[PDB]
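First structure 1, then structure 2: two forms of the same chain, each alone, as structure tokens.
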Structure 1
């Protein structure tokens, strides 16, 4: 199981910061891309990511996950549609440029959508006056200068097994703010006070390196 990236932008370069060590195949039609992809220590596959026979050429079936990021949403959607006809199980992460098309990328079959231009534009217009939101996003989601965001799983037979959010007191015990809990494909933001934790649940929250460290300790029993 390996990672396939369709298209190449700064996004997919930043993506290879955390996959550089894993076998990554980049599928793009432009030749000039070969140089850049090999600069990042990834495999390059020359072909058209909108063509079904070329998606297979890059082992899309049986692959760990596919990241789609082409030059228009038109191409991005069409590429997704191709993957779903090749393998309906493989995880698809795709970038959406236009807001209109977030819905389309999902209906094409993308598992998770990323809308960086929708965010950017929204953060711009809000930050005209103040935009403390903007510098939050910049410092937590972009730079992670002091704080980071974490997905921590509750392991089987955890200390928090069957413990309500109220009793768990996660924020004061560990320092991490609890944003929400994830089960399956579903995230419950700001969970009810008496929600009960299970093994396999995902805790999502903001915290510094140490507060995160305390969190991981606080969970295994």
Structure 2
């Protein structure tokens, strides 16, 4: 599988790096005094300005399967994105937005996915006044350390599930996996209606025990 490029160094990219152990990752960042922490976290380090195209080419963005961008300001992030788009117009770009008003400029510049940590945080804060169950849920399921995992399971060509409505699929009853969504391309249907019918290519977004996930994979197999 192809390498990932991470542009910029933050607490966010540190956590990303920790989740990307095993994959080949290149971190392109200005601050030299982090080289040791990047290598110790299982990534290659490339000193450079991620807003300069010359430096982006040092990280081989053309041959990257995705680029992750989180620079100190949204203005710097935007320039980085624009730099990437000058080299590879198609490569997948994930970017972090520091400010809500700047999200649309990030998509405009060419980001395929924008994450807004402070918007997520602020909304979780408001749902946490009485008890923190929602914040607990989000923080628990994303952590590949807990008993429940959030998974994306693709429906293979020729699946036993082609043309079967989610009601007929009865996935939670059969496999133990909760279906929270169905996605295809850039669209996600959360809590699909009973009458939606699966196609090969659809991605099931689910939550389950490790054992339940494997059951779902076998259930939807050809």
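Positions refer to the first chain, counted from 1. Here the rigid core means the biggest group of C-alpha atoms that line up within 1.5 Å when the two forms are laid on top of each other.
Sole residue of 139, 111, 87, 75 shifting 2 angstroms or more in CA between structures 1 and 2, core aligned: One residue passes the 2 Å cut-off, namely 139.
Across the change between structures 1 and 2, how many whole degrees of rotation does the smaller rigid part show against the larger? Hinge rotation between structures 1 and 2: 11 degrees.
Per-residue CA shift, residue 192 (Å; core superposed between structures 1 and 2): For residue 192, the C-alpha ends up 3.8 Å from its position in the other form.
With the core fitted, just quote the Cα shift at residue 210 between structures 1 and 2, in angstrom to one decimal. Here the C-alpha difference is 4.5 Å.
Core overlaid, residue 48 C-alpha shift between structures 1 and 2, how many Å? It moves 0.4 Å at the C-alpha.
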